[PDB]
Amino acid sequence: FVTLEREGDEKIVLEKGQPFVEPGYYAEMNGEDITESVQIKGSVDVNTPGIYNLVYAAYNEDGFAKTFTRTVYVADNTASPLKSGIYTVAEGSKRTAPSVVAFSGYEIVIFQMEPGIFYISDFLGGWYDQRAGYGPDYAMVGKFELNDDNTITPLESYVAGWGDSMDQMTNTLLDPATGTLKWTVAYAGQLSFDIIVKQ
């Protein structure tokens, strides 16, 4: 009866300073328009790089509600060959242990926290949420530092729900034209992935 539609992207990347213009939404209950009834938890601070979660709610008759979430990421406008950042996993992207399995165009977010340092939604390409639908408690959040030599040095990394980090990361490269990031990450004991991300 209640209906709740999000307009615009679930995930958005702004650059520090750039205003956040609300993409909008729509809500209807029993055929009447109840869009002005929707309430939002959350704010976006476009002058402080970071991750801001908004949560939109549409209320119904007996405690019930429908909800959608939108996440806004603020970058750091400092020049860097790595742009920020809704990357799509590319097509030469594969598992390489124990078997070999190629995967598609799942999207991840990559934004600059401070001049050298970047945040990723998922080191693991979307293999475990998304292409398994395990959900956001899977996939490897992480920071990494972009080097002057177009490699990538990983700092923290973590898969909630299992509690561990990556075992190692090698074979990385950024191409400052085609603007394409790639890495091999080895995970849980015996597991390794070769990821390529474009936009």
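Residue numbers run from 1 along the displayed sequence.
As the entry records it, the average C-alpha temperature factor is higher for 26-34, out of 26-34 and 42-50. As recorded in the PDB entry, 96-104 is the stretch of 96-104 and 83-91 with the greater mean C-alpha temperature factor. Taking the deposited Cα B-factors for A177, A188, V185, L14, the highest one is held by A177. In the deposited entry, the Cα temperature factor of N147 sits in the bottom third of values across the chain's modelled residues. Split the chain's modelled residues into thirds by C-alpha temperature factor. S165 is in the lowest one. Residue-level temperature factors show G135 in the middle third of its chain, judged at the C-alpha atom.
Per the deposited record, the Cα B-factor of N60 falls in the highest third when ranked against the other modelled residues of its chain. Remark: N77 belongs to the highest third of its chain, ranked by C-alpha B-factor as recorded.
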